[PDB]
$ cat structure.pdb   # PDB, C-alpha atoms and all ligand atoms
ATOM      1  CA  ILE A   1     -16.416  45.070   6.544
ATOM      2  CA  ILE A   2     -19.021  46.420   4.108
ATOM      3  CA  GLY A   3     -20.065  50.051   4.187
ATOM      4  CA  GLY A   4     -17.565  51.041   6.873
ATOM      5  CA  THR A   5     -14.722  53.509   7.272
ATOM      6  CA  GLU A   6     -10.981  53.149   7.684
ATOM      7  CA  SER A   7     -10.085  52.852  11.358
ATOM      8  CA  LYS A   8      -7.777  55.414  12.901
ATOM      9  CA  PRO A   9      -4.467  53.466  12.745
ATOM     10  CA  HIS A  10      -3.771  51.450  15.914
ATOM     11  CA  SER A  11      -6.905  52.792  17.594
ATOM     12  CA  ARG A  12      -8.101  49.223  18.302
ATOM     13  CA  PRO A  13      -4.887  47.745  19.746
ATOM     14  CA  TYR A  14      -6.522  44.423  20.748
ATOM     15  CA  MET A  15      -7.318  43.515  17.074
ATOM     16  CA  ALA A  16      -5.743  40.318  15.711
ATOM     17  CA  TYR A  17      -5.300  39.434  12.034
ATOM     18  CA  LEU A  18      -5.350  35.632  11.635
ATOM     19  CA  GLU A  19      -3.961  33.531   8.811
ATOM     20  CA  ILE A  20      -5.581  30.095   8.850
ATOM     21  CA  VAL A  21      -3.473  27.369   7.372
ATOM     22  CA  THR A  22      -4.787  24.019   6.155
ATOM     23  CA  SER A  23      -2.962  21.164   4.443
ATOM     24  CA  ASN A  24      -4.992  21.018   1.202
ATOM     25  CA  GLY A  25      -5.855  24.611   0.268
ATOM     26  CA  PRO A  26      -4.407  28.122   0.385
ATOM     27  CA  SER A  27      -4.526  30.419   3.414
ATOM     28  CA  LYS A  28      -7.821  31.817   4.601
ATOM     29  CA  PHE A  29      -8.286  34.799   6.940
ATOM     30  CA  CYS A  30     -10.103  35.754  10.107
ATOM     31  CA  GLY A  31     -10.084  38.377  12.826
ATOM     32  CA  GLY A  32      -9.898  37.946  16.575
ATOM     33  CA  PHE A  33      -8.945  39.942  19.616
ATOM     34  CA  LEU A  34      -6.352  39.788  22.331
ATOM     35  CA  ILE A  35      -8.009  39.088  25.727
ATOM     36  CA  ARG A  36      -4.837  38.215  27.694
ATOM     37  CA  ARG A  37      -1.232  38.769  26.662
ATOM     38  CA  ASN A  38      -1.067  35.143  25.518
ATOM     39  CA  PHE A  39      -4.680  34.460  24.428
ATOM     40  CA  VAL A  40      -6.713  35.532  21.400
ATOM     41  CA  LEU A  41     -10.470  34.993  21.183
ATOM     42  CA  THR A  42     -11.944  34.192  17.759
ATOM     43  CA  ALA A  43     -14.512  31.934  16.012
ATOM     44  CA  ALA A  44     -14.254  28.098  16.088
ATOM     45  CA  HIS A  45     -14.916  27.885  12.354
ATOM     46  CA  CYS A  46     -11.520  29.583  11.919
ATOM     47  CA  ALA A  47      -9.681  26.527  13.302
ATOM     48  CA  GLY A  48      -6.995  25.031  11.108
ATOM     49  CA  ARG A  49      -3.918  22.915  11.050
ATOM     50  CA  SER A  50      -1.938  25.982  12.169
ATOM     51  CA  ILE A  51      -2.690  29.659  12.640
ATOM     52  CA  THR A  52      -0.524  32.746  12.745
ATOM     53  CA  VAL A  53      -1.505  35.888  14.555
ATOM     54  CA  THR A  54      -0.430  39.424  13.631
ATOM     55  CA  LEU A  55      -0.979  42.101  16.293
ATOM     56  CA  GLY A  56      -0.318  45.800  15.876
ATOM     57  CA  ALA A  57      -1.448  46.041  12.266
ATOM     58  CA  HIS A  58      -3.213  48.734  10.340
ATOM     59  CA  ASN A  59      -2.285  48.240   6.701
ATOM     60  CA  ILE A  60      -1.628  44.521   6.715
ATOM     61  CA  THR A  61       0.389  44.699   3.452
ATOM     62  CA  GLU A  62       3.011  47.039   4.931
ATOM     63  CA  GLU A  63       5.419  45.709   7.524
ATOM     64  CA  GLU A  64       6.084  48.058  10.433
ATOM     65  CA  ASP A  65       7.645  48.077  13.873
ATOM     66  CA  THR A  66       4.232  47.867  15.622
ATOM     67  CA  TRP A  67       3.690  44.389  14.080
ATOM     68  CA  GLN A  68       4.042  41.401  16.357
ATOM     69  CA  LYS A  69       3.792  38.171  14.373
ATOM     70  CA  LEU A  70       3.065  35.559  17.007
ATOM     71  CA  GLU A  71       3.028  31.785  16.993
ATOM     72  CA  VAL A  72      -0.058  29.946  18.273
ATOM     73  CA  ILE A  73       0.846  26.848  20.290
ATOM     74  CA  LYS A  74      -2.659  25.453  20.839
ATOM     75  CA  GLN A  75      -6.202  25.956  19.610
ATOM     76  CA  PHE A  76      -9.057  25.487  22.106
ATOM     77  CA  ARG A  77     -12.237  25.138  20.015
ATOM     78  CA  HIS A  78     -15.470  25.075  22.095
ATOM     79  CA  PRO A  79     -16.118  21.369  22.827
ATOM     80  CA  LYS A  80     -19.768  21.689  21.713
ATOM     81  CA  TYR A  81     -19.058  23.560  18.466
ATOM     82  CA  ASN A  82     -21.408  22.115  15.834
ATOM     83  CA  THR A  83     -20.431  22.387  12.170
ATOM     84  CA  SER A  84     -24.039  21.984  11.026
ATOM     85  CA  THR A  85     -25.923  24.415  13.294
ATOM     86  CA  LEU A  86     -22.893  26.665  13.947
ATOM     87  CA  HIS A  87     -23.795  26.764  17.658
ATOM     88  CA  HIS A  88     -20.904  27.546  20.006
ATOM     89  CA  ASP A  89     -18.738  29.175  17.334
ATOM     90  CA  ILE A  90     -15.995  30.292  19.664
ATOM     91  CA  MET A  91     -12.294  29.392  20.123
ATOM     92  CA  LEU A  92      -9.332  30.473  22.235
ATOM     93  CA  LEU A  93      -5.831  30.598  20.732
ATOM     94  CA  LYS A  94      -2.963  30.261  23.192
ATOM     95  CA  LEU A  95       0.129  32.129  22.030
ATOM     96  CA  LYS A  96       3.617  30.656  22.447
ATOM     97  CA  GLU A  97       4.832  33.837  24.121
ATOM     98  CA  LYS A  98       3.126  36.780  25.766
ATOM     99  CA  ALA A  99       2.588  39.766  23.448
ATOM    100  CA  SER A 100       4.540  42.952  24.179
ATOM    101  CA  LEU A 101       2.364  45.783  25.414
ATOM    102  CA  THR A 102       2.852  48.852  23.248
ATOM    103  CA  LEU A 103       0.678  51.779  22.212
ATOM    104  CA  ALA A 104      -0.393  49.634  19.214
ATOM    105  CA  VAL A 105      -0.916  46.308  21.093
ATOM    106  CA  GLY A 106      -2.924  45.747  24.270
ATOM    107  CA  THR A 107      -5.590  43.426  25.698
ATOM    108  CA  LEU A 108      -9.394  43.777  25.824
ATOM    109  CA  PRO A 109     -10.883  41.675  28.636
ATOM    110  CA  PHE A 110     -14.668  41.731  29.110
ATOM    111  CA  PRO A 111     -16.589  41.418  32.378
ATOM    112  CA  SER A 112     -19.536  39.450  33.706
ATOM    113  CA  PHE A 116     -28.168  41.760  27.605
ATOM    114  CA  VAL A 117     -27.534  45.032  25.799
ATOM    115  CA  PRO A 118     -31.006  46.013  24.528
ATOM    116  CA  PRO A 119     -31.864  46.052  20.805
ATOM    117  CA  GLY A 120     -31.760  49.410  19.111
ATOM    118  CA  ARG A 121     -28.337  50.167  20.527
ATOM    119  CA  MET A 122     -25.577  50.914  18.087
ATOM    120  CA  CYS A 123     -22.338  48.898  18.306
ATOM    121  CA  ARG A 124     -19.063  48.821  16.326
ATOM    122  CA  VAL A 125     -17.199  46.000  14.638
ATOM    123  CA  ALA A 126     -13.802  46.093  12.930
ATOM    124  CA  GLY A 127     -11.920  43.820  10.523
ATOM    125  CA  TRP A 128      -9.800  43.349   7.439
ATOM    126  CA  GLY A 129     -12.492  41.282   5.664
ATOM    127  CA  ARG A 130     -14.100  41.696   2.268
ATOM    128  CA  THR A 131     -15.691  45.061   1.473
ATOM    129  CA  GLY A 132     -18.211  43.492  -0.921
ATOM    130  CA  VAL A 133     -19.334  40.110  -2.264
ATOM    131  CA  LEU A 134     -17.027  40.505  -5.249
ATOM    132  CA  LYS A 135     -14.149  42.241  -3.453
ATOM    133  CA  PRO A 136     -10.996  41.142  -1.663
ATOM    134  CA  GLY A 137     -10.254  41.845   1.971
ATOM    135  CA  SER A 138      -9.349  45.364   2.851
ATOM    136  CA  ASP A 139      -5.631  46.147   3.194
ATOM    137  CA  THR A 140      -6.470  48.565   6.036
ATOM    138  CA  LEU A 141      -8.463  47.880   9.198
ATOM    139  CA  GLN A 142     -12.085  48.979   8.608
ATOM    140  CA  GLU A 143     -14.904  49.483  11.087
ATOM    141  CA  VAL A 144     -18.643  50.038  10.924
ATOM    142  CA  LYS A 145     -21.422  51.088  13.294
ATOM    143  CA  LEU A 146     -24.264  48.543  13.245
ATOM    144  CA  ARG A 147     -27.645  48.263  14.926
ATOM    145  CA  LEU A 148     -28.276  45.486  17.431
ATOM    146  CA  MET A 149     -31.485  43.861  16.276
ATOM    147  CA  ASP A 150     -34.401  42.097  17.890
ATOM    148  CA  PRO A 151     -33.844  38.332  17.462
ATOM    149  CA  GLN A 152     -36.806  38.003  15.024
ATOM    150  CA  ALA A 153     -34.673  39.892  12.482
ATOM    151  CA  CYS A 154     -32.430  36.765  12.317
ATOM    152  CA  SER A 155     -35.243  34.188  12.216
ATOM    153  CA  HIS A 156     -34.390  33.257   8.624
ATOM    154  CA  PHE A 157     -31.127  31.772   9.937
ATOM    155  CA  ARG A 158     -33.003  28.665  11.053
ATOM    156  CA  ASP A 159     -30.397  27.656  13.647
ATOM    157  CA  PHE A 160     -30.048  31.164  15.130
ATOM    158  CA  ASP A 161     -30.812  31.349  18.849
ATOM    159  CA  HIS A 162     -31.312  34.511  20.876
ATOM    160  CA  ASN A 163     -29.643  33.306  24.024
ATOM    161  CA  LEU A 164     -26.529  32.050  22.160
ATOM    162  CA  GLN A 165     -26.184  34.768  19.533
ATOM    163  CA  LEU A 166     -26.634  38.421  18.675
ATOM    164  CA  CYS A 167     -28.429  39.594  15.544
ATOM    165  CA  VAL A 168     -26.462  42.510  14.123
ATOM    166  CA  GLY A 169     -27.043  44.986  11.287
ATOM    167  CA  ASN A 170     -30.240  46.763  10.157
ATOM    168  CA  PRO A 171     -31.496  44.920   6.995
ATOM    169  CA  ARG A 172     -32.276  48.335   5.434
ATOM    170  CA  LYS A 173     -28.542  49.044   4.977
ATOM    171  CA  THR A 174     -25.569  47.323   3.283
ATOM    172  CA  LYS A 175     -23.442  47.933   6.391
ATOM    173  CA  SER A 176     -22.249  44.592   7.773
ATOM    174  CA  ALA A 177     -19.478  42.341   8.960
ATOM    175  CA  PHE A 178     -18.578  39.904   6.182
ATOM    176  CA  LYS A 179     -16.226  37.100   5.085
ATOM    177  CA  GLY A 180     -12.715  37.717   6.508
ATOM    178  CA  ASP A 181     -14.163  39.484   9.588
ATOM    179  CA  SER A 182     -15.097  36.285  11.467
ATOM    180  CA  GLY A 183     -13.878  36.252  15.043
ATOM    181  CA  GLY A 184     -13.703  40.051  15.335
ATOM    182  CA  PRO A 185     -15.274  41.725  18.348
ATOM    183  CA  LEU A 186     -18.493  43.707  18.440
ATOM    184  CA  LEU A 187     -18.123  46.541  20.944
ATOM    185  CA  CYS A 188     -21.063  48.298  22.515
ATOM    186  CA  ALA A 189     -20.072  51.451  24.430
ATOM    187  CA  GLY A 190     -16.484  50.181  24.380
ATOM    188  CA  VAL A 191     -17.276  46.748  25.865
ATOM    189  CA  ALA A 192     -16.989  43.505  23.810
ATOM    190  CA  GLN A 193     -20.387  41.819  23.502
ATOM    191  CA  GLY A 194     -20.038  39.536  20.489
ATOM    192  CA  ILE A 195     -17.740  38.049  17.890
ATOM    193  CA  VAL A 196     -18.539  37.766  14.190
ATOM    194  CA  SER A 197     -19.803  34.259  13.308
ATOM    195  CA  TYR A 198     -21.737  33.971  10.016
ATOM    196  CA  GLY A 199     -24.276  35.484   7.638
ATOM    197  CA  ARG A 200     -25.550  35.280   4.070
ATOM    198  CA  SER A 201     -23.300  34.617   1.078
ATOM    199  CA  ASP A 202     -24.845  37.666  -0.611
ATOM    200  CA  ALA A 203     -23.909  39.820   2.388
ATOM    201  CA  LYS A 204     -27.425  41.161   3.109
ATOM    202  CA  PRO A 205     -27.546  41.964   6.874
ATOM    203  CA  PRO A 206     -28.222  41.098   9.607
ATOM    204  CA  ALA A 207     -25.330  38.786  10.459
ATOM    205  CA  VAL A 208     -24.996  36.426  13.394
ATOM    206  CA  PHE A 209     -22.503  37.019  16.191
ATOM    207  CA  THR A 210     -21.647  34.718  19.105
ATOM    208  CA  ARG A 211     -22.986  36.182  22.377
ATOM    209  CA  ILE A 212     -19.764  36.076  24.395
ATOM    210  CA  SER A 213     -21.492  36.525  27.801
ATOM    211  CA  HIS A 214     -22.905  33.035  27.449
ATOM    212  CA  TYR A 215     -19.330  31.681  27.065
ATOM    213  CA  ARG A 216     -17.491  33.673  29.745
ATOM    214  CA  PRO A 217     -17.524  30.781  32.252
ATOM    215  CA  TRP A 218     -15.983  28.452  29.635
ATOM    216  CA  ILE A 219     -13.409  31.077  28.661
ATOM    217  CA  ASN A 220     -12.386  31.447  32.299
ATOM    218  CA  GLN A 221     -12.058  27.657  32.692
ATOM    219  CA  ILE A 222      -9.643  27.491  29.717
ATOM    220  CA  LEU A 223      -7.671  30.521  30.918
ATOM    221  CA  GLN A 224      -7.274  29.006  34.430
ATOM    222  CA  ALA A 225      -6.177  25.517  33.294
ATOM    223  CA  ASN A 226      -3.640  26.776  30.766
TER     224      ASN A 226
HETATM  225  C1  LIG B 301     -13.787  33.443   4.969
HETATM  226  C2  LIG B 301     -14.448  32.344   5.844
HETATM  227  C3  LIG B 301     -13.463  31.390   6.491
HETATM  228  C4  LIG B 301     -12.239  31.863   6.962
HETATM  229  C5  LIG B 301     -11.346  30.990   7.590
HETATM  230  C6  LIG B 301     -11.667  29.645   7.742
HETATM  231  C7  LIG B 301     -12.903  29.169   7.297
HETATM  232  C8  LIG B 301     -13.791  30.044   6.679
HETATM  233  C9  LIG B 301     -15.540  32.744   6.841
HETATM  234  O1  LIG B 301     -15.510  33.320   7.916
HETATM  235  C10 LIG B 301     -16.570  32.109   6.056
HETATM  236  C11 LIG B 301     -18.066  31.872   6.176
HETATM  237  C12 LIG B 301     -18.335  30.793   7.208
HETATM  238  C13 LIG B 301     -18.931  31.078   8.440
HETATM  239  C14 LIG B 301     -19.171  30.068   9.378
HETATM  240  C15 LIG B 301     -18.789  28.748   9.106
HETATM  241  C16 LIG B 301     -18.175  28.488   7.881
HETATM  242  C17 LIG B 301     -17.948  29.473   6.917
HETATM  243  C18 LIG B 301     -18.901  33.142   6.259
HETATM  244  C19 LIG B 301     -19.980  33.283   5.340
HETATM  245  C20 LIG B 301     -20.764  34.412   5.325
HETATM  246  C21 LIG B 301     -20.567  35.447   6.290
HETATM  247  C22 LIG B 301     -21.382  36.630   6.342
HETATM  248  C23 LIG B 301     -21.171  37.600   7.302
HETATM  249  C24 LIG B 301     -20.100  37.432   8.224
HETATM  250  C25 LIG B 301     -19.302  36.310   8.186
HETATM  251  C26 LIG B 301     -19.520  35.289   7.223
HETATM  252  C27 LIG B 301     -18.680  34.142   7.183
HETATM  253  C28 LIG B 301     -15.637  31.741   5.147
HETATM  254  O2  LIG B 301     -15.690  31.059   3.995
HETATM  255 ZN    ZN B 302       1.668  51.991  12.308
END

$ encode --input "structure.pdb" --output "structure tokens"
Amino acid sequence: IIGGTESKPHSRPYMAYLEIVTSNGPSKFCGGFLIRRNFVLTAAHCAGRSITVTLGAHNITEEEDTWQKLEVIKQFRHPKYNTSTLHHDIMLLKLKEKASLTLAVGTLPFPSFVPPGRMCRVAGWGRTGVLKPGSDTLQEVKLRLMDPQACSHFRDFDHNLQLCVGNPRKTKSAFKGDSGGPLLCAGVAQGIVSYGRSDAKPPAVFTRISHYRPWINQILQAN
């Protein structure tokens, strides 16, 4: 998160910190959010050979009793996810066990467009600048939902599939390490962080989760 503030600790109890493990390089990192006690929603580009999930974190470098480090037993990457266009960048992680509900850990389901100009909030442990590591503490930022023309320069952006997020006038943005984190508008999840520019100039592109709610429900019901 660039240009944000430190979250009040444990104020976003659905937030998931993901470590993405692959066989030929070091760990990479994503966000996500708990939508059922045994399912986390995140981005498909965060898939790996294995993934761990930490719930209940604030400062991710300091172990505490609120942490729940949970095994993922299966990754459900959207079957139409396209690595070239980045369409359908959405994935469900099924947890081995159900998370414990605590003050620090709870679910955020979302129901069955929010107009541009509205302000929304996104949180994450991602990089705080192009040349900076991920934040040790959960950060959040208020961003403007944009008209889709603001994201035209992402040639594969599509208004019905994706949200365009972050006024280009500001540095405020989701960034690398924040992928998969929820965008909340008036407390309701509307998007997850997908991609943006290497140089971090907003807007960034978020998956429009409303489009995917039927698919999410079909995975949840079969598993
Ligand atoms: C850390 C990283 C990652 C983490 C775990 C596994 C793989 C990659 C991840 O996310 C990305 C890419 C990306 C996005 C989409 C597809 C590939 C790479 C990215 C670049 C610019 C952005 C700008 C604004 C916000 C998010 C951005 C995300 C990574 O590199
Ligand atoms: Zn704590």

$ residues_around --input "structure.pdb" --residues "residue 165 of chain A" --least-positions-apart "4" --cutoff "8 Å" --atoms "all atoms listed in the file" --output "MDAnalysis selection string"
chainID A and resid 160:161 194 208:211

$ write_last_selection --input "structure.pdb" --atoms "C-alpha atoms" --output "PDB file, in the coordinates of the input"
ATOM      1  CA  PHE A 160     -30.048  31.164  15.130  1.00  0.00           C
ATOM      2  CA  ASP A 161     -30.812  31.349  18.849  1.00  0.00           C
ATOM      3  CA  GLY A 194     -20.038  39.536  20.489  1.00  0.00           C
ATOM      4  CA  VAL A 208     -24.996  36.426  13.394  1.00  0.00           C
ATOM      5  CA  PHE A 209     -22.503  37.019  16.191  1.00  0.00           C
ATOM      6  CA  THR A 210     -21.647  34.718  19.105  1.00  0.00           C
ATOM      7  CA  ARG A 211     -22.986  36.182  22.377  1.00  0.00           C
TER       8      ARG A 211
END

$ residues_near_ligand --input "structure.pdb" --ligand "ligand LIG 301 (chain B)" --cutoff "6 Å" --atoms "all atoms listed in the file" --output "tab-separated table (two decimals) with C-alpha atoms, in the coordinates of the input"
chain	number	residue	atom	x	y	z
A	20	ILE	CA	-5.58	30.10	8.85
A	28	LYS	CA	-7.82	31.82	4.60
A	29	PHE	CA	-8.29	34.80	6.94
A	30	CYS	CA	-10.10	35.75	10.11
A	45	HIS	CA	-14.92	27.88	12.35
A	46	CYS	CA	-11.52	29.58	11.92
A	177	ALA	CA	-19.48	42.34	8.96
A	178	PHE	CA	-18.58	39.90	6.18
A	179	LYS	CA	-16.23	37.10	5.08
A	180	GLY	CA	-12.72	37.72	6.51
A	182	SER	CA	-15.10	36.28	11.47
A	197	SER	CA	-19.80	34.26	13.31
A	198	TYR	CA	-21.74	33.97	10.02
A	199	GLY	CA	-24.28	35.48	7.64
A	200	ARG	CA	-25.55	35.28	4.07
A	201	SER	CA	-23.30	34.62	1.08
A	203	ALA	CA	-23.91	39.82	2.39
A	207	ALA	CA	-25.33	38.79	10.46

$ residues_near_ligand --input "structure.pdb" --ligand "ligand ZN 302 (chain B)" --cutoff "10 Å" --atoms "only C-alpha atoms and all ligand atoms" --output "PyMOL selection string"
chain A and resi 9-10+56-60+62-67+103-104

$ atom_distance --input "structure.pdb" --atom1 "atom CA of residue 185 of chain A" --atom2 "atom CA of residue 68 of chain A"
19.4 Å

$ closest_residue --input "structure.pdb" --among "A:170, A:155, A:102, A:5" --to "residue 131 of chain A" --atoms "only C-alpha atoms"
A:5

$ closest_residue --input "structure.pdb" --among "A:74, A:36, A:204, A:216" --to "residue 107 of chain A" --atoms "only C-alpha atoms"
A:36

$ closest_residue --input "structure.pdb" --among "A:72, A:225, A:41, A:125" --to "residue 175 of chain A" --atoms "all atoms listed in the file"
A:125

$ resolve_selection --input "structure.pdb" --expression "the PyMOL selection byres (((chain A and resi 21) around 10) and not hetatm)" --output "PyMOL selection string"
chain A and resi 18-20+22-29+46-52

$ residues_around --input "structure.pdb" --residues "residue 143 of chain A" --least-positions-apart "4" --cutoff "8 Å" --atoms "all atoms listed in the file" --output "VMD selection string"
chain A and resid 1 4 to 7 124 to 127

$ axis_aligned_box --input "structure.pdb" --around "segment 69-85 of chain A" --padding-each-side "5 Å" --output "AutoDock Vina command-line options"
--center_x -11.1 --center_y 29.8 --center_z 16.9 --size_x 39.7 --size_y 26.8 --size_z 21.8

$ build_atoms --input "structure.pdb" --residues "segment 84-95 of chain A" --atoms "N, CA and C atoms" --output "CSV table (one decimal), keeping the file's coordinate frame"
chain,number,residue,atom,x,y,z
A,84,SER,N,-22.8,21.9,11.7
A,84,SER,CA,-24.0,22.0,11.0
A,84,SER,C,-24.9,23.2,11.5
A,85,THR,N,-25.1,23.3,12.8
A,85,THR,CA,-25.9,24.4,13.3
A,85,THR,C,-25.1,25.7,13.5
A,86,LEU,N,-23.8,25.6,13.6
A,86,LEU,CA,-22.9,26.7,13.9
A,86,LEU,C,-23.1,27.2,15.4
A,87,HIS,N,-23.8,26.4,16.2
A,87,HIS,CA,-23.8,26.8,17.7
A,87,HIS,C,-22.4,26.7,18.3
A,88,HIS,N,-22.1,27.6,19.2
A,88,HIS,CA,-20.9,27.5,20.0
A,88,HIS,C,-19.7,27.8,19.1
A,89,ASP,N,-19.8,28.8,18.3
A,89,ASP,CA,-18.7,29.2,17.3
A,89,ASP,C,-17.8,30.1,18.0
A,90,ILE,N,-16.9,29.5,18.9
A,90,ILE,CA,-16.0,30.3,19.7
A,90,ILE,C,-14.8,29.5,20.0
A,91,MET,N,-13.6,30.1,20.0
A,91,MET,CA,-12.3,29.4,20.1
A,91,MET,C,-11.3,30.3,20.8
A,92,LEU,N,-10.5,29.8,21.6
A,92,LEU,CA,-9.3,30.5,22.2
A,92,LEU,C,-8.0,30.0,21.6
A,93,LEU,N,-7.2,30.9,21.2
A,93,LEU,CA,-5.8,30.6,20.7
A,93,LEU,C,-4.8,31.0,21.8
A,94,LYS,N,-4.0,30.0,22.2
A,94,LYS,CA,-3.0,30.3,23.2
A,94,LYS,C,-1.7,30.6,22.4
A,95,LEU,N,-1.1,31.7,22.7
A,95,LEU,CA,0.1,32.1,22.0
A,95,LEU,C,1.4,31.5,22.7
